[PDB]
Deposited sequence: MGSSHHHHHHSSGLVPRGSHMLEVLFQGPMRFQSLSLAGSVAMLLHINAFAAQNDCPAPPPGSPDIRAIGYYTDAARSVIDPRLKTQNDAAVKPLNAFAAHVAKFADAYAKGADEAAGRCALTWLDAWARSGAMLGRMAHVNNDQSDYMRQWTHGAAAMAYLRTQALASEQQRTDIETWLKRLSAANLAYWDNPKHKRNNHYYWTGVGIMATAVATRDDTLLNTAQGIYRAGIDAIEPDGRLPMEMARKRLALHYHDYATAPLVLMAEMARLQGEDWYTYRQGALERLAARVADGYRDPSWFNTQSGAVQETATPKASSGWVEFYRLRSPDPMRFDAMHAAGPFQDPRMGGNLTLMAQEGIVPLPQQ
């Protein structure tokens, strides 16, 4: 059974925030467990469509690419995540899951029937509008979550050839680049104490992915305010070698951690940096897979994000 029937895609999301402190850096295991169960269908859907996308990308397997599209079509037709959203954890999940669905569609779209195109693209544009509208409230502070919202908007923009979505995504990307301080920090992520390095990593990942998707349109977003992203990315790689700087600047000893999943933006960025060897140690921690970024980052950095039809 190489393409199982798609799982139910509920219009509703009810996630549960799980941090115990004001800096959102210490995890409540009971709330984390509660949230894991509540968003299991969202995480599993993303994992599956990205796995199907990765299999399509190997070639000689159009059926896997077609499986991703049937799954996306099912969630499109049930209005998944377009219904009701201790914090805005449900919105964060809609942002991340939109990103995963939109990346999967971007990678497999050549195989789509016209029926799947109408279904999926209407749904991706409604998710883009809903997720963008979340950020209309100035009380929603534009940290890495805002950059992650750009992933789904950008993938939707490229796949639907929508110039206005493309401009919306470019605004989000440039806002992230413009927030990098002269020393490379992002103050909203530096406020996360023992998770400061973690969230400089997690903020870099969607900015890099958006710049890489921009190449699919023949644009080089890496030239925008050139040098700023390099400072941020270099801080992340230096931080994994030696957290001393993040310890000093954040006021807290960093949580022991190795690069994983979304840290795979380094598979793309090491091909762009003026000092690529700085990313050797992160590269050596791979390969990297993240459904929220479209699947296997190590392979996509080598083969291109979108397989050739």
Query raised in the report: Can you list the gaps, in order, where the deposited sequence has no modelled residues?
Result: 1 to 53, 139 to 141, 366 to 367
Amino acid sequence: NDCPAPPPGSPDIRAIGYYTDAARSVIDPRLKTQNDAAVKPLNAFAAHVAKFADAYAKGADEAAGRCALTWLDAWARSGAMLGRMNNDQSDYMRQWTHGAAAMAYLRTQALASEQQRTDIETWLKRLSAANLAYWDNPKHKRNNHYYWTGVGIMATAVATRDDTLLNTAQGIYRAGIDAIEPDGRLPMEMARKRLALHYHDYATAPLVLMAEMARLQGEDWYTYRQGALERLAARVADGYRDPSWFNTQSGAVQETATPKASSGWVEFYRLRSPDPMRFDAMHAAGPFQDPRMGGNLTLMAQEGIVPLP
From here on, numbers count along this sequence of modelled residues.
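The term rigid core refers to the maximal set of C-alpha atoms that superpose within 1.5 Å between the two forms.
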Report task. Could you tell me which of the two stretches, 3 to 11 or 300 to 308, has its Cα atoms lying farther from the shown structure in 5 other deposited structures of this protein after fitting on the rigid core? Result -> 3 to 11
Query raised in the report: Looking at the entry, does 134 to 142 or 154 to 162 show the higher mean C-alpha B-factor?
Result: 134 to 142
Report summary line: Mean B factor on CA atoms, stretches 74 to 82 and 113 to 121, record says higher is 113 to 121
Report task. Return the residue from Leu271, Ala53, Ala63, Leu42 that has the highest Cα B-factor in the entry. Result -> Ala63
Requested in this report: Between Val26, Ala57, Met277, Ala47, let me know which has the highest C-alpha B-factor in the entry?
Outcome: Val26
Report task. Could you tell me which third, lowest, middle or highest, the C-alpha B-factor of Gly17 occupies within its chain? Result -> highest
Report task. For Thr223, return the chain-relative third of its C-alpha B-factor as stated in the PDB record: lowest, middle or highest. Result -> middle
Requested in this report: Select lowest, middle or highest to describe the third in which the CA B-factor of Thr33 falls within its chain in this entry.
Outcome: highest
Query - Third assignment of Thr256 from its chain's C-alpha B-factors - result: highest
Report summary line: Tertile call for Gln217 (CA temperature factor, within chain, third-based) is the highest
